[PDB]
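Notes follow the structure.
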Amino acid sequence: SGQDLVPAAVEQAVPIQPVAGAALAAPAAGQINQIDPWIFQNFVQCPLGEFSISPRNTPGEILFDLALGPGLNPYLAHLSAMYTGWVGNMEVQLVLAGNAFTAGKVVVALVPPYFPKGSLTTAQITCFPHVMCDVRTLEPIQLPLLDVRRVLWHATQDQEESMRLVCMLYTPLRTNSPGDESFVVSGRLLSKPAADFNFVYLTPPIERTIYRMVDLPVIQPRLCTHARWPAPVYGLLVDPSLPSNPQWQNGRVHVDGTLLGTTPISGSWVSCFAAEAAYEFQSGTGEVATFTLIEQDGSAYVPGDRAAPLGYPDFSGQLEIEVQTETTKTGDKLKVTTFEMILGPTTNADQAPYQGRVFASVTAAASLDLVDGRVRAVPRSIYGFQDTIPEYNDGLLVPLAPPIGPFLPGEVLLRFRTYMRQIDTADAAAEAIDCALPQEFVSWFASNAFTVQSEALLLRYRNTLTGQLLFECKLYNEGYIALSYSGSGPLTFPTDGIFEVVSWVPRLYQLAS
Amino acid sequence: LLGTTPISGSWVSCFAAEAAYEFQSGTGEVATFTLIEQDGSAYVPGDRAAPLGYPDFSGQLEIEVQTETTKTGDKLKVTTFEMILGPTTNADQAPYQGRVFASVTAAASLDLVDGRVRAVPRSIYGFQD
Amino acid sequence: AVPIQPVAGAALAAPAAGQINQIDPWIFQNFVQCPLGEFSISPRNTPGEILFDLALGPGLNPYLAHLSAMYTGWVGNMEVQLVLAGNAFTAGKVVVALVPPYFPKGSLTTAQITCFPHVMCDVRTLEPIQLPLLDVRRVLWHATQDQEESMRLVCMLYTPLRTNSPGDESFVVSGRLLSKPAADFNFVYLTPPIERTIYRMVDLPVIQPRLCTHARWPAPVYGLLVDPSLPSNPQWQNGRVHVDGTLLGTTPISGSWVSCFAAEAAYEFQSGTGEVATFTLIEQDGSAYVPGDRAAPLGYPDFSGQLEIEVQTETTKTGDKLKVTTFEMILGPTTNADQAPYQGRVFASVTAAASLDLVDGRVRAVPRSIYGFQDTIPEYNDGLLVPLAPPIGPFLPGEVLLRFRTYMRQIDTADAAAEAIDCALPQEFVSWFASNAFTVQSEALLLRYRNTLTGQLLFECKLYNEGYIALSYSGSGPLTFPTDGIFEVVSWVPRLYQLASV
Amino acid sequence: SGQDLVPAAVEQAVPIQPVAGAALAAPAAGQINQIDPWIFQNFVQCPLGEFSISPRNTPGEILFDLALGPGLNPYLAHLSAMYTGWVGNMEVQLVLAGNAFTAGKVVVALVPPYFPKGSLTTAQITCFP
Ligand SMILES: C[C@H](CCC(=O)NCC(=O)O)[C@H]1CC[C@H]2[C@@H]3[C@H](O)C[C@@H]4C[C@H](O)CC[C@]4(C)[C@H]3CC[C@]12C
Ligand SMILES: C[C@H](CCC(=O)NCC(=O)O)[C@H]1CC[C@H]2[C@@H]3[C@H](O)C[C@@H]4C[C@H](O)CC[C@]4(C)[C@H]3CC[C@]12C
Ligand SMILES: C[C@H](CCC(=O)NCC(=O)O)[C@H]1CC[C@H]2[C@@H]3[C@H](O)C[C@@H]4C[C@H](O)CC[C@]4(C)[C@H]3CC[C@]12C
């Protein structure tokens, strides 16, 4: 236990008066509402209460920024489904217990209500009541988080202007360590309610709210399906020798439920389309079938913001599809035939699925006349696959999903891989098509409609049998998972684990490799 | 779960096996499919009547697998097959024991190197629940 | 350590207990180390690793795990302390929480471990961290012969280790957990001491491996070794036994039953290859054989070869009354085998057209030699179902199986060197584990194969509780070992434990 | 002189009673036998009193193991050629003054007489004082 640290960094005086909590809102609420007196005894960790200061952070980087509320406690964020209203202050600790070789200071201010958010430069964060503290402090730095308000309480709906608590990185982090390591101090943030926190009015406990952090399905990735091709997942892996910021359109959801692009909710819709065909027997390339692209069930198609019908193949290649048709010959009614369409651009085509028309063909010399009508196309095999966003118009622009990124310097995209049926002539290896998130998470996020807190979700990946955490990763709020990997060779992981969330982290959270 | 219910929607009415293309002049390549679990695990005969996702209705079924051929010009090719799921008093198919024989309508001499296959149902014929 | 009220021990059990028995007061003075109360924090560990998890009982003290054979039940608090070996230039934290005696089992994040009563001790503290372990319970007093739910301690790595390391080793931070009873530990009711228990270290038989017997083939053991080049995860069906006393598959108790079967004879003089053998198998203790949960009747062979049982033939042909000749069976598939050991249809053949006028009755089958030995699972059915044992494993990276090689009678036409069929446990270790019926604590024992006269170690192996011994061998060639030491059992370890190189 | 070490590692309490030395064996010996009162003044080094802990040592390695006797002193091992008999206890120090960058702990037990030697695993060395 070295005392070359700073143990004289106690809870300093802040220029603020004591603020009355539940004594004001007692005769304006309709009932008597006390909470359990063992909630006030121990400091438990905030849900957004995990941050990290790498030495690649400039001064003026906001480490955490969390409003006062019931979202600073796992107990009060659980009790606030039962109530509509809260008052009173909290008491927040800070575990900044970095190494004895680091050097640097943080400053934790007390931003009042109705202060405009956004910029908050480092010059003006000292003008608030603030506490300055080193990153080597042994004891936990305590600080009060008062409830400055003009109304008698706050509703438990997060649009309340309330007192924030911003932590700017004041001076940069550096180590006087004799070689090759630059330590990343990993702080935590503990909190408990003060002596006069109180909820206001009892209410039916609704789960679908705020806070009620994100949950994930307990299913292994070797069981889940793929969101760019109708197949299972066959092992996730990182690779820094690939297109690093792709621009896919299938299987890209937000973590507030809103699907982004041409992505469906059902898993039997990806790389599939349904249309009302128009067949014709040609003396050239066999048959020609135009299409009028609509949904699979029967919903109409008007070209709006999605670049294609939901579930359209968002890659490039020569796609062989299966459709059962009504042959007008005498002896057989139904037989599924195999067309082949120019799904890729291939430097020239005649198809533009943004306005609802693709054109398939099957090489057949006999006069094969088909009763035209509604059909549903499904893929069979791929020929000359490229992972490029195709031409949804003929050569024009379309409303696309934005490209995947940006990452931090040193963060690699996590890719769930599957293998498509291919038509290969000289090659004997499988074609690898990867997605940013499987379909079982898109149907989990669309069917729950979560509320994102800050910027990103800190995940883990734990093996089922050993119980060993394989890695930790950072699920951003755009539906991709970026983890920190240093090298460049393709690193592969086992697939029998299960993901599990931990906390909300900002974009500045440096991950361990 | 009960029966042979899978979890993923990409597993229903389809299987995956370790192929053995064998049987000589009946219809074509009477392949032998050692039925295992679709995630790559091995199958253990317990209490559920089949591997998970295996089709449970009577009728002849066409399945499309990926064939690593032996001829020149191409290695990978998708050959449609013909299974016989229903009893019909004579059908070499034991999914509970893990060995299912499927036939092709190919009177040629297509040599096919065996390996690992994933079955995909193209079309049933004569459906009966 | 944070808000738990003081919990009554023997002040509550006293109206309903017949006796209240005090302990010797010198047990309250010494801190004795708990079993499985040891961990290590490398800098490669992500936060959220559970360092240990151990329940309050009389199994936390070797003084009290011995005394709890004389008594009916116990009540009261323990008192643990946690040492931590770390200098002043480390950085990291460890949170030790008091999980209530429910909250059943699952993955605990770092966010959830702070919601229990907990102590967040830094990793560079000097003095040990005393903390109470109260006896929160629904009943008046627990019973010593019943593993009922009590209050656990769960220790989670809170913030990761931030250190340097020279170039090797990588600076693990070790930590131990010592305990003693509190002032109100009491036992309840004096009984006679029983031997089985459930607090017994697995004692291995004091027997050198040269005097053992092999599991697969009825031969002595001729040497234990390692070999990476073989199939690393075999699927043998003989010599498989759980440490808790459960046989896995076809493994019999006694070493006489192996590679043999007792059946009912059915002899038909054929005008083809002479005589063929087709028997009605039964269980060798005189009971019926029902095709069930195991791949074969008890004691059937499990290798890929061509066999030759002998007979006992009571022939009515004149010249000799009771004779012993030799048949020839085939165990491998070889694309032609009508062998159904599951249903009980074995197919052997005499290679002679001699008119053996054999009367059919009860026999047994002692084997003679083998032809074409392959390390492959035989055909317990033709192309059909087989409930078999799982493959042996999985091991850690760096660890390999430790086989017991024997040499059997090999009929060959080209090579003279004898094959080495091996197993994972000799049959002295199989009847020991089945009869004693131990109780698995965590995942693996930690054996130690010392020589008797020298007293020097040879290897510190690790016996998993599925019935196989691993060894952290890191080379590539087959390294053999002396076969004159004696296995000794050190302790229970978790399955993420690292041995030393051999 | 850094105080980032552990100077609060004083001679701790051990669960043992005081043991009478030469007061028992006084009326069963045949003569009056005192030794020099300057032998009791200074700590001199044991003859088997030098050990070392490299980082290639596993836990459970026995560092030293020395019975109580006249062999723990260069004075008493020299005086014990003149005598046939001894009684009483010793007082032993331990100079473990390693660097300020090392980390690790040792445990020094008090094994009673008639305890079987040999193995002495690390699980049971904490059961002694
Ligand atoms: C079954 C066939 C299509 C056969 C086929 O090619 N693939 C089907 C499969 O694999 O299950 C017919 C039956 C009735 C048809 C559908 C329904 O009647 C209504 C629906 C109407 C919209 O045009 C969308 C097509 C859609 C959905 C129809 C298209 C195709 C259907 C689904
Ligand atoms: C040939 C297929 C490719 C997929 C395909 O042909 N059609 C899929 C579709 O579009 O529906 C290959 C790619 C990788 C292969 C699999 C995985 O690598 C691992 C797994 C290993 C088991 O022993 C056998 C099957 C199994 C599952 C492999 C068999 C077939 C696979 C799935
Ligand atoms: C020829 C026999 C093979 C077994 C046999 O004769 N019949 C088949 C059966 O065991 O059932 C050989 C194989 C390996 C041999 C042994 C080992 O090499 C070493 C061992 C040491 C000494 O040389 C004496 C015996 C002993 C033990 C050897 C004697 C006989 C063995 C066991």
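Ligands are numbered from 1 in the order shown, residues from 1 within each chain, and chains are lettered A, B, ... in the order they appear in the structure tokens.
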Open item on the list: Around ligand 2, which protein and nucleic acid residues have at least one atom no more than 7 Å from it, if we count only C-alpha atoms and all ligand atoms? List them as a PyMOL selection string.
Closed with: (chain A and resi 229-231+234+380-381+419-422+430) or (chain B and resi 16-18+38-41+65-66+116-118+120)
Based on the selection just made, write C-alpha atoms of those residues as an mmCIF file, in the first residue's frame.
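Output file part.cif follows:
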data_model
loop_
_atom_site.group_PDB
_atom_site.id
_atom_site.type_symbol
_atom_site.label_atom_id
_atom_site.label_comp_id
_atom_site.auth_asym_id
_atom_site.auth_seq_id
_atom_site.Cartn_x
_atom_site.Cartn_y
_atom_site.Cartn_z
ATOM 1 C CA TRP A 229 -28.640 -14.620 -46.872
ATOM 2 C CA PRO A 230 -31.082 -17.337 -45.755
ATOM 3 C CA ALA A 231 -28.598 -19.518 -43.861
ATOM 4 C CA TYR A 234 -20.993 -20.398 -39.029
ATOM 5 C CA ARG A 380 -30.734 -20.950 -55.079
ATOM 6 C CA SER A 381 -27.084 -20.210 -55.890
ATOM 7 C CA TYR A 419 -21.424 -19.330 -46.659
ATOM 8 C CA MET A 420 -23.705 -19.071 -49.677
ATOM 9 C CA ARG A 421 -24.410 -21.701 -52.299
ATOM 10 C CA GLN A 422 -22.074 -20.842 -55.154
ATOM 11 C CA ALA A 430 -16.642 -21.415 -49.883
ATOM 12 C CA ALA B 16 -27.539 -30.918 -43.074
ATOM 13 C CA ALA B 17 -25.471 -34.068 -43.326
ATOM 14 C CA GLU B 18 -22.126 -35.578 -44.304
ATOM 15 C CA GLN B 38 -27.092 -28.689 -38.425
ATOM 16 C CA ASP B 39 -24.704 -26.598 -36.303
ATOM 17 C CA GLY B 40 -21.851 -29.056 -36.890
ATOM 18 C CA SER B 41 -22.400 -31.069 -33.716
ATOM 19 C CA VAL B 65 -27.526 -29.452 -52.082
ATOM 20 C CA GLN B 66 -24.075 -28.189 -53.066
ATOM 21 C CA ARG B 116 -20.438 -31.920 -46.138
ATOM 22 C CA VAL B 117 -23.801 -30.775 -47.501
ATOM 23 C CA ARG B 118 -26.694 -28.602 -46.360
ATOM 24 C CA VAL B 120 -32.564 -27.057 -48.960
#
- [ ] Run DSSP on the backbone and give me the residues of range 308-502 of chain A it puts in strand (DSSP E), as an MDAnalysis selection string.
- [x] chainID A and resid 316:327 334:342 359:361 370:371 374:386 411:420 431:435 456:462 469:476 481:484 491:492 498:502
- [ ] Kindly provide, as a ChimeraX atom specification, all nucleotide and amino acid residues lying within 6 Å of ligand 1, counting only C-alpha atoms and all ligand atoms.
- [x] /A:274,295-298,323-324,374-377
Open item on the list: Could you list, as an MDAnalysis selection string, every residue within 7 Å of residue 264 in chain C, counting only C-alpha atoms and ignoring same-chain residues fewer than 5 positions away?
Closed with: chainID C and resid 279:281 361:363
Open item on the list: For residue 118 in chain D, find every residue with an atom within 12 Å (counting only C-alpha atoms), except residues of its own chain fewer than 5 positions away, and show them as a VMD selection string.
Closed with: (chain C and resid 450 to 457 488) or (chain D and resid 62 65)
Task: ligand 3 neighbours within 7 Å using only C-alpha atoms and all ligand atoms, as a ChimeraX atom specification - done: /C:218-219,222,368-369,407-409,418
Keeping C-alpha atoms, export the residues of the selection given above as an mmCIF file, in the first residue's frame.
data_model
loop_
_atom_site.group_PDB
_atom_site.id
_atom_site.type_symbol
_atom_site.label_atom_id
_atom_site.label_comp_id
_atom_site.auth_asym_id
_atom_site.auth_seq_id
_atom_site.Cartn_x
_atom_site.Cartn_y
_atom_site.Cartn_z
ATOM 1 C CA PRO C 218 -7.612 -58.174 -20.377
ATOM 2 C CA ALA C 219 -3.867 -57.593 -20.007
ATOM 3 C CA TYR C 222 2.975 -51.838 -19.545
ATOM 4 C CA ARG C 368 -7.485 -65.234 -28.498
ATOM 5 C CA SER C 369 -5.905 -62.571 -30.724
ATOM 6 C CA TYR C 407 0.208 -54.730 -25.825
ATOM 7 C CA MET C 408 -2.129 -57.495 -26.958
ATOM 8 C CA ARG C 409 -1.802 -60.663 -29.011
ATOM 9 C CA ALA C 418 3.121 -54.964 -31.523
#
TODO: Select residues of chain C: the criterion is any atom within 10 Å of an atom of chain D, counting only C-alpha atoms; output as a ChimeraX atom specification.
DONE: /C:26-36,61-63,83-90,125-127,168-169,171-175,178,450,455,488-491,499-500
Contacts of chain B with chain C up to 7 Å, shortest pair per row, only C-alpha atoms, as JSON lines:
{"residue": "B:44", "atom": "CA", "partner": "C:387", "partner_atom": "CA", "distance": 6.3}
{"residue": "B:45", "atom": "CA", "partner": "C:387", "partner_atom": "CA", "distance": 6.0}
{"residue": "B:97", "atom": "CA", "partner": "C:385", "partner_atom": "CA", "distance": 4.4}
{"residue": "B:98", "atom": "CA", "partner": "C:384", "partner_atom": "CA", "distance": 6.8}
Task: Counting only C-alpha atoms, chain A residues within 8 Å of chain B, as a VMD selection string - done: chain A and resid 222 to 225 230 to 232 234 267 to 268 322 336 381 421 to 428
Open item on the list: I need the residue nearest residue 52 in chain B from this list: B:4, B:96, B:82, B:33. Use only C-alpha atoms for the distance.
Closed with: B:4
- [ ] For chain D, work out the contacting residues on chain A at 8 Å, counting only C-alpha atoms, and write them as an MDAnalysis selection string.
- [x] chainID A and resid 1:3
Residues as selected, C-alpha atoms, written as a compact mmCIF listing (two decimals), in the first residue's frame, can you do that?
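Okay, part_23.txt is ready:
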# COMPACT_ATOMS: atom_id res chain seq x y z
CA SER A 1 0.00 0.00 0.00
CA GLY A 2 2.04 2.90 -1.29
CA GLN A 3 1.39 6.44 -0.09
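Selected on chain A by distance to chain C: residues 1, 2, 44, 45, 98, 99 and 100 of chain A (within 6 Å, counting only C-alpha atoms).
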Keeping N, CA and C atoms for every residue in the selection just given, could you write it to a file as a PDB file, in the first residue's frame?
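Generated output (out.pdb):
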ATOM      1  N   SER A   1       0.843  -1.186   0.000  1.00  0.00           N
ATOM      2  CA  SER A   1       0.000   0.000   0.000  1.00  0.00           C
ATOM      3  C   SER A   1       0.874   1.230   0.000  1.00  0.00           C
ATOM      4  N   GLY A   2       1.205   1.725  -1.188  1.00  0.00           N
ATOM      5  CA  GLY A   2       2.042   2.901  -1.286  1.00  0.00           C
ATOM      6  C   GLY A   2       1.261   4.167  -0.980  1.00  0.00           C
ATOM      7  N   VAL A  44     -24.127   1.528  -5.108  1.00  0.00           N
ATOM      8  CA  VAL A  44     -24.163   0.573  -6.195  1.00  0.00           C
ATOM      9  C   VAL A  44     -23.832   1.293  -7.486  1.00  0.00           C
ATOM     10  N   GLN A  45     -23.434   0.526  -8.487  1.00  0.00           N
ATOM     11  CA  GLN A  45     -22.875   1.108  -9.694  1.00  0.00           C
ATOM     12  C   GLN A  45     -23.968   1.634 -10.606  1.00  0.00           C
ATOM     13  N   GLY A  98      -6.172   4.813 -10.478  1.00  0.00           N
ATOM     14  CA  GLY A  98      -5.167   4.423 -11.439  1.00  0.00           C
ATOM     15  C   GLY A  98      -3.808   4.179 -10.820  1.00  0.00           C
ATOM     16  N   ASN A  99      -2.868   3.831 -11.690  1.00  0.00           N
ATOM     17  CA  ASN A  99      -1.550   3.368 -11.297  1.00  0.00           C
ATOM     18  C   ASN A  99      -0.751   4.495 -10.644  1.00  0.00           C
ATOM     19  N   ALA A 100       0.364   4.129 -10.029  1.00  0.00           N
ATOM     20  CA  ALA A 100       1.239   5.099  -9.390  1.00  0.00           C
ATOM     21  C   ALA A 100       2.214   5.743 -10.356  1.00  0.00           C
TER      22      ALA A 100
END
List as a CSV table (one decimal) with C-alpha atoms, in the first residue's frame the protein and nucleic acid residues near residue 19 in chain B, meaning an atom at most 9 Å away when only C-alpha atoms are counted, but skip any in the same chain fewer than 3 places from it.
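The file below, result07.csv, is the result:
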chain,number,residue,atom,x,y,z
B,31,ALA,CA,-26.4,-40.8,-51.9
B,32,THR,CA,-26.1,-41.8,-48.3
B,33,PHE,CA,-26.6,-38.9,-45.8
B,34,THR,CA,-25.3,-39.5,-42.3
B,35,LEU,CA,-27.7,-37.2,-40.4
B,113,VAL,CA,-16.9,-36.1,-54.6
B,114,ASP,CA,-18.6,-36.4,-51.2
B,115,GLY,CA,-18.1,-34.2,-48.1
B,116,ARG,CA,-20.4,-31.9,-46.1
B,117,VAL,CA,-23.8,-30.8,-47.5
- [ ] Identify, on the basis of only C-alpha atoms, every residue whose closest approach to residue 279 in chain A does not exceed 12 Å; exclude the query and any residue fewer than 6 positions from it along the same chain; express the result as a ChimeraX atom specification.
- [x] /A:286-291,323,325-328,339,359-362,367-375
Task: Two-atom distance - CA of residue 63 in chain D, CA of residue 446 in chain C (Å) - done: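 CA of residue 63 in chain D sits 21.4 Å away from CA of residue 446 in chain C.
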Open item on the list: For residue 90 in chain D, find every residue with an atom within 9 Å (counting only C-alpha atoms), except residues of its own chain fewer than 3 positions away, and show them as an NGL selection string.
Closed with: :D and (68-69 or 72)
Please dump the current selection as a short mmCIF file (atom, residue, chain, number, x, y, z; two decimals), in the first residue's frame; keep N, CA and C atoms.
data_model
loop_
_atom_site.label_atom_id
_atom_site.label_comp_id
_atom_site.auth_asym_id
_atom_site.auth_seq_id
_atom_site.Cartn_x
_atom_site.Cartn_y
_atom_site.Cartn_z
N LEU D 68 13.77 -28.62 15.52
CA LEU D 68 14.30 -27.96 16.69
C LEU D 68 15.43 -28.80 17.26
N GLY D 69 16.49 -28.13 17.69
CA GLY D 69 17.61 -28.84 18.26
C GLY D 69 18.75 -27.91 18.58
N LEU D 72 20.50 -25.49 15.23
CA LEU D 72 20.04 -24.21 14.74
C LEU D 72 20.91 -23.06 15.21
#
Task: Which of range 397-443 of chain A fall in helix (DSSP H, G or I), as an MDAnalysis selection string - done: chainID A and resid 439:443
